[PDB]
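In structure tokens, one chain follows: the form deposited in one PDB entry.
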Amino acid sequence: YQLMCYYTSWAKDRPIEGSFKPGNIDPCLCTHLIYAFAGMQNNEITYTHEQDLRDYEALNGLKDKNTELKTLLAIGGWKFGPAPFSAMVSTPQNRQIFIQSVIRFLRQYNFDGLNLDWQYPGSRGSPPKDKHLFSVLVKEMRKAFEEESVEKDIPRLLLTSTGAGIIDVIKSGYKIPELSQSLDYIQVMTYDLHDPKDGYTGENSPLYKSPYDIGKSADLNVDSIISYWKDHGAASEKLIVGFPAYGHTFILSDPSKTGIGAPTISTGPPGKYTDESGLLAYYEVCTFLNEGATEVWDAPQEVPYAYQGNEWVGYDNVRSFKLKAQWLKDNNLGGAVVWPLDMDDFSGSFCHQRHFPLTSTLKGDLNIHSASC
């Protein structure tokens, strides 16, 4: 199995004891490290800030400590949106400029591959033709990587893509059989499934549906999402399941209604370190529990939640990661991706479960081994 781990460029800018740098990464923890994110300018991949080049050096320098470790550079994400990708795939010239820039950039900075993270082809303003054009881009990029490998007599660069977790988004953006042919891996975004607009508490990444879920809400779970990708032609071995190292928060309408599906008012207030309304890092959830929140296990969804007063959080813990890792192995999947590694308890100071409790759980349960480790 694979165990991929995201490192986000902005984690180092958090308050110091919650800040994370590539040097704080245990080189033997993961099989792949993904740097989020590269930028784009003039249809070419590029760095977003001057400091990113020092980050690339520190991250890729970890390969001297684990010679089997692979690194990937991600481009895109939710905040970047669809418009730069729609323009880049629109013409063969623009796609060639991009692909050539990627080969030069990854080789210069010692990355092992690219992770495409277009959110999303075919939605958010991206027209229906982008579902076809994204598939064309991926095929052309895989061909160019194969050609470079043969010409230079060096291992081929890896090509991965994220894959939506929302069924309607998958339908409008992904030619699944063709994408599965050309990609090395599809990183399925089995998280942010809390449906904040619904007006009820929901889990960020439940393994199974709640008995309270109806209609499309019954598909907002790991099992249904991965089943959809496999039923529509994705290779099981290429599917990498998203494992979030955070939860989502809500304000309850009634402090006496605290379960899953309880009425809500809004997202919860930002955490001291992550500073994002509606989100808490796993290490921040540990503070919430340490300071008195009531912890509950929901067996139908196989995930925890916690509450205090009118504050409620749905998240993932060691138990839910262990049950999901067993499910992953039982279903012959390719592995897992931790999103983001910098929200796991990297220091061990918040949760008292040693360094990286969530990711270390997957390392052991997925039998991750490297001969250099």
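Throughout, rigid core stands for the largest set of C-alpha atoms superposing within 1.5 Å between the two forms. Residue numbers here begin at 1 and follow the sequence given. Only residues modelled in both forms are compared.
Absent from the display: the form deposited in another entry. The rest refers to it.
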Seminar exercise, completed: Of 306, 333, 59, 38, the residue whose C-alpha shifts by 2 Å or more between this form and the one not shown, after superposition on the rigid core, is 333
For this session: Determine whether the C-alpha of residue 261 shifts by 2 Å or more between this form and the one not shown once the rigid core is superposed.
Result: no
For this session: Determine whether the C-alpha of residue 197 shifts by 2 Å or more between this form and the one not shown once the rigid core is superposed.
Result: yes
Exercise. What happens to the Cα distance from residue 330 to residue 176 in the other entry: does it get closer or farther than here, with a change of 3 angstroms or more?
Worked result: closer
Exercise. Core superposition done; which regions of 3+ residues show CA shifts of at least 2 Å throughout between this form and the one not shown?
Worked result: 195-198, 330-333
